[PDB]
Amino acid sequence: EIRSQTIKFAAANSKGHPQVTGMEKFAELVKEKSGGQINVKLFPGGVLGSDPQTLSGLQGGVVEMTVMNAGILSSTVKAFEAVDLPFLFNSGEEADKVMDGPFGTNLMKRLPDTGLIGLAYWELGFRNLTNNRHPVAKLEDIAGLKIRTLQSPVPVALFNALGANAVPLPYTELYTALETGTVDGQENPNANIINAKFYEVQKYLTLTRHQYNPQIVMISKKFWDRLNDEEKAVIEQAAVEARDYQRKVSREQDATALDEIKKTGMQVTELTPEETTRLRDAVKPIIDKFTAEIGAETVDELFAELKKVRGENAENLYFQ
């Protein structure tokens, strides 16, 4: 039977953010399905530590649950670097198909040996590109731009392949570096433009969608192994039901963010799928260098899923 359980569920963001809205839905569903036997206590705002710190806390059994960008796992299970590869998805719908299918599922199968159990993928969002020099609509427009990027190997390779300087800078210093102009631009989700007021110091946004950040919801294997099947089923049901809700909330908020961004007088540029393909093809010979460490098994499967979803895109039937 479902016994009294307590689950501490930690994350980086705060109440109001789609991540925490998803966590609240998860907690409520678990409370309902368990008739109050399983209580999920939220630790938002990074109060328990960074995402990498909390990851090791799950492994040790100190914190039961967390949700974080799945690419963070790569130093635990290298195959997860696949989720950081560029230009995989053009929409949330495409991302869901691939993350919820064999690609995402086979990644999660690699977790138990490391002391982690994967429950579901939720959404953080696409990474896009702002700058203050000129609109970016194609590769040549990126040439020479000094762009603050994440500093793990994939984004550094990506932005160098695009002709940019992939500049290291602590996030807290970024607004002011953009203001003074020593950095031309930055790459991040749209929400950051509003939250950090980058619209005050950046005139241009391109929806490059150069990477997509899925989040993975995980539970400590040490804790999971002590649960019975009925308790596990409650948690699984709640994770996948909360997933669909969280993604809807995320996408509603992103639409509103973009409304707000446009009203600040930033110029927003979209890429056609064919321009995205042009960028993808230009960076492929560089990005292929990660395939050996990710593994052909994982990369080949991913590439097949992407060919499939790209063929389902209605744009293929727009003109002929």
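In case it trips you up, residue 1 is the first one in the sequence shown, and so on.
Engineer: Please compare 85 to 93 with 122 to 130 and name the stretch with the higher mean C-alpha B-factor in the deposited structure.
Structural biologist: Comparing averages over the C-alpha atoms only gives 85 to 93.
Engineer: Please compare 72 to 80 with 147 to 155 and name the stretch with the higher mean C-alpha B-factor in the deposited structure.
Structural biologist: Mean CA B-factor is higher for 72 to 80.
Engineer: For the listed residues 248, 203, 222, 209, which one has the largest C-alpha B-factor as given in the deposited model?
Structural biologist: It is 222.
Engineer: Checking the entry, which one of 173, 141, 184, 241 has the top C-alpha B factor?
Structural biologist: So the option with the highest C-alpha B-factor is 141.
Engineer: Is residue 218 in the lowest, middle or highest third of its chain when residues are ranked by C-alpha B-factor?
Structural biologist: It belongs to the lowest third of the chain when residues are ordered by C-alpha B-factor.
Engineer: Determine, from the deposited record, the chain-internal third of the Cα B-factor for residue 189: lowest, middle or highest.
Structural biologist: Its C-alpha B-factor, which the entry lists for residue 189, ranks in the lowest third among residues of this chain.
Engineer: Name the third of the chain's ranked CA B-factors that contains residue 114, choosing lowest, middle or highest.
Structural biologist: Answer is highest: the recorded C-alpha B-factor places it there.
Engineer: Check where residue 48 lands among this chain's C-alpha B-factors and tell me if it's the lowest, middle or highest third.
Structural biologist: Ranked within chain, residue 48 CA B lands in the highest tercile.
Engineer: Compare the C-alpha B factor of residue 37 with those of the other modelled residues in its chain, then answer lowest, middle or highest third.
Structural biologist: Answer is highest: the recorded C-alpha B-factor places it there.
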